[PDB]
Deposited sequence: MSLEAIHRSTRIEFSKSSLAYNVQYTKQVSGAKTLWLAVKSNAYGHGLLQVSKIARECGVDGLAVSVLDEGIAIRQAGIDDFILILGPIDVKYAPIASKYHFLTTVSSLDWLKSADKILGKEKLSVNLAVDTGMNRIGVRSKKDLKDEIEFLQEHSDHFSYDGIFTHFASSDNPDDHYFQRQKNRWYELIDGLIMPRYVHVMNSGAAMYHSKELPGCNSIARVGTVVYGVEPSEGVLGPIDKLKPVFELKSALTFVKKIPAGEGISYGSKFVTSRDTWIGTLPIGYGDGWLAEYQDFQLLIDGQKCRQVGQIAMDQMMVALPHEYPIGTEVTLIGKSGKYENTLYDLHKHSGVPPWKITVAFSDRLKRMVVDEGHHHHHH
């Protein structure tokens, strides 16, 4: 099929360096969860190191396994929790593994055998997702890791911000103050990370001792975290173009093989597509895997259609698609079917 996502290696490389420049971070870990935010887990993970990425962050065990089976030897962090019965699997594949309880560590100590697990302690400061929420619980975990240094390596500690990209920083300040109170006077490991896209771009200077690592996704994928409210859109480069081609033309209406089942959601109805440097109106409704557009004149089968990207003097951006549909850029890209053809340009 002609419907494809064309990922730009040079744009990813540009955004990585720009993120490090603004944040001051010397280490950048790219969030590649959910098929690399829809850009392609394997293709982005393959070119990541060449693009200046120091490590990869996945959400679940299987995304990390897929990266390893593809031959990629990069540093991998699992952001979310994993079932304790899989602790030996996480150790074998050398994953920095997120742990949320002392009970988890106790159960892991019994099954690791001769293996050593790289541990990342989750601290809950307000996201209310996973992690310890008291200084006692955090201290108990650190002590256990030191008591069983044969089975564990205390390598990371982190928290995640619920609103580091929000113009209203009240909750951010509450989380930041809670973070510093919790870690105060405790043994810190080699990786002390808290900076997501919003924190790296708007709050880096407010985070001393924890601003050397950028654990980011959104900004590196060329999307301004607040979408141009708190920072400049122009300084970031879009990392992909979504293209297709006409499969049928009738006397003028052209049909292209993309629909809601592919991620071109019903909410994108009437968002004009680009053909030969011209904006083209939609004809009818977006079907499951096909849709139609009004052509200015006759075009042959195989004529390129640009849905997201540049054509002539015009450009279809993720920002404009958000304003049109109500669907945030990261949600637009994640919704692109993992079945769609993906390539690196």
task: Would you flag the ranges of the deposited sequence that the structure leaves without C-alpha positions?
output: 1-7, 259-277, 372-380
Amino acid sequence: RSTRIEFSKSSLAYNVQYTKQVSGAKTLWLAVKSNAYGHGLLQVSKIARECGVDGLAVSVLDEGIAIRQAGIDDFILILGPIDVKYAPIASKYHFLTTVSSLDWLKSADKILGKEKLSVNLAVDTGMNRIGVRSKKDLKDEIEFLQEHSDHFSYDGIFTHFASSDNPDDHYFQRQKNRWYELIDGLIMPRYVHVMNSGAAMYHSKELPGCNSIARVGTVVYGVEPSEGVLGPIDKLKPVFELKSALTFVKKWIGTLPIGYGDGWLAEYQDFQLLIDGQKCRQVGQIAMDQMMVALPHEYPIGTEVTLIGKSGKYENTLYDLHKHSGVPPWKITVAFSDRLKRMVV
From here on, numbers count along this sequence of modelled residues.
statement: Taking the deposited Cα B-factors and averaging over 68-76 and over 134-142, the higher mean is found in 134-142
- line: Looking only at C-alpha temperature factors in the entry, 147-155 or 168-176, the higher average sits in 147-155
statement: Note to self: of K33, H39, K279, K46, the C-alpha temperature factor tops out at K279
Out of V194, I258, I253, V119, residue topping the C-alpha B-factor column of the entry: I253
task: Taking the values exactly as deposited, rank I111 by C-alpha B-factor within its chain and report the matching third: lowest, middle or highest.
output: highest
field: Entry-reported Cα temperature factor of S325, expressed as the chain third it lands in
entry: highest
task: Compare the C-alpha B factor of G55 with those of the other modelled residues in its chain, then answer lowest, middle or highest third.
output: lowest
message: For the chain shown, is the CA B-factor of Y314 in the lowest, middle or highest third of its modelled residues?
response: highest
field: Third of chain Cα B-factors occupied by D124
entry: lowest
